[PDB]
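A quick write-up on the structure given underneath.
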Ligand SMILES: C[n+]1ccc(CNC(=O)[C@@H]2CCCN2C(=O)[C@H](N)Cc2ccccc2)cc1
Ligand SMILES: *[C@@H]1O[C@H](CO)[C@@H](O)[C@H](O)[C@H]1NC(C)=O
Ligand code: NA
Ligand code: NA
């Protein structure tokens, strides 16, 4: 996260760290959506241009974390993966269209003050909140700058950007399965996700029921926090039918 | 690299 | 979950975090 701040304790209890077993290292962010399911970006698990193709046994998920590097004894919980599900039409060849994946845990994680699931949006909540100018919140342990790494979880609030502005900021083909967020050059404020924040949640707090909803997944960006560029996020609601199908079919 | 070792149980 | 999106250390105890008001103010 570039130009963010340290998270408060328990501020993002759905935050998940995807952790490589060997060598031991941060791979990505992710989010907890129930006691057995974790949501992330497909490119965290599968990206052939970078020779990335992880299997279940390559990875762990670490839940309830604040510190990036410390083993947070008595606070974080570490889970093994039963199965990875990547969207069948995830487009790694071109533009990361449908950049979404689910991971089923081997056993349920116990909820605590530091571990708690985020909501997924219904159609109405999505329609109400996914509007240009409305701000969401992005969290992660990724790079603090494009070209280093934070001691603890970072947070930044960013406004959703009008689709034509998103489109006009890049040569990459944008789709309805993406939205973009960030400040314009003239707005003064700044901030963005960066390498290592991939897979983490873009959340909004509904003013109707005061619950946090995950509207986006950190997906892609050209550089980090560049003037005139924006961060791109997987549109969670647009892909929720797939999410529900996987969970319904596989538990 | 700069990560504290995690308990061996999780790496089994 | 029926309890999704309600944080134990914030919503559950009616405490606000330091910047959530920034989000609310944008929801015009
Ligand atoms: C602002 N920002 C947000 C998220 C990220 C993390 N995501 C990434 O680094 C992703 C993974 C593959 C390449 N990539 C990128 O963001 C590429 N820089 C741009 C790209 C987009 C779509 C297809 C190919 C290349 C990086 C920067
Ligand atoms: C990735 O890994 C799976 C199984 O390990 C393999 O079948 C597949 O062909 C690989 N490449 C992909 C999915 O692009
Ligand atoms: Na364009
Ligand atoms: Na920017």
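Numbering of chain A is taken from Swiss-Prot, so the residues present carry the numbers 364-510, 518-621, in order.
This entry, so its header tells us, was determined using X-ray crystallography, 1.6 Å.
Just so it is clear, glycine is given a Cβ too, placed from its N, Cα and C backbone atoms.
Taken straight from Swiss-Prot:
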DISULFID  A:391-A:407  disulfide bond
ACT_SITE  A:406  active site, charge relay system
CARBOHYD  A:416  N-linked glycosylation site
ACT_SITE  A:462  active site, charge relay system
DISULFID  A:536-A:550  disulfide bond
DISULFID  A:564-A:594  disulfide bond
ACT_SITE  A:568  active site, charge relay system
Can you tell me how many other Cβ atoms are located within 10 Å of the Cβ belonging to residue A:594 (disulfide bond)?
22
How long is the line from the C-alpha of residue A:406 (active site, charge relay system) to the C-alpha of residue A:391 (disulfide bond), rounded to the nearest angstrom?
9
Consider only the recorded positions A:416, A:536, A:550, A:564, A:568, A:594: which of them have a Cβ under 6 Å from an atom of ligand 2? Write none if no residue does.
A:416
Output, ordered by sequence, the same-chain residues six or more apart from residue A:568 (active site, charge relay system) with a CB under 8 Å from its CB, or 'none'.
A:391, A:392, A:404, A:406, A:407, A:505, A:588, A:589
Find, among the disulfide-bonded residues listed as A:536, A:564, the one whose Cβ has the highest number of other Cβ atoms within 10 Å in the structure shown.
A:564
Quick check on the gap: 7 residues absent, flanked by residue A:510 and residue A:518. Distance between their CA atoms in Å?
8
Please work out the number of neighbouring Cβ atoms within 10 Å of the Cβ of residue A:407 (disulfide bond), leaving out its own Cβ.
26
What Cα-Cα separation, expressed in whole Å, is found between residue A:536 (disulfide bond) and residue A:594 (disulfide bond)?
15
Give me the Cα-Cα distance between residue A:462 (active site, charge relay system) and residue A:416 (N-linked glycosylation site), rounded to a whole Å.
14
Using a Cβ cut-off under 8 Å and a sequence separation of 6 or more, which residues in the same chain sit near residue A:416 (N-linked glycosylation site)?
A:408, A:409, A:410
Residue A:594 (disulfide bond) and residue A:550 (disulfide bond), Cα-Cα, nearest whole angstrom:
13
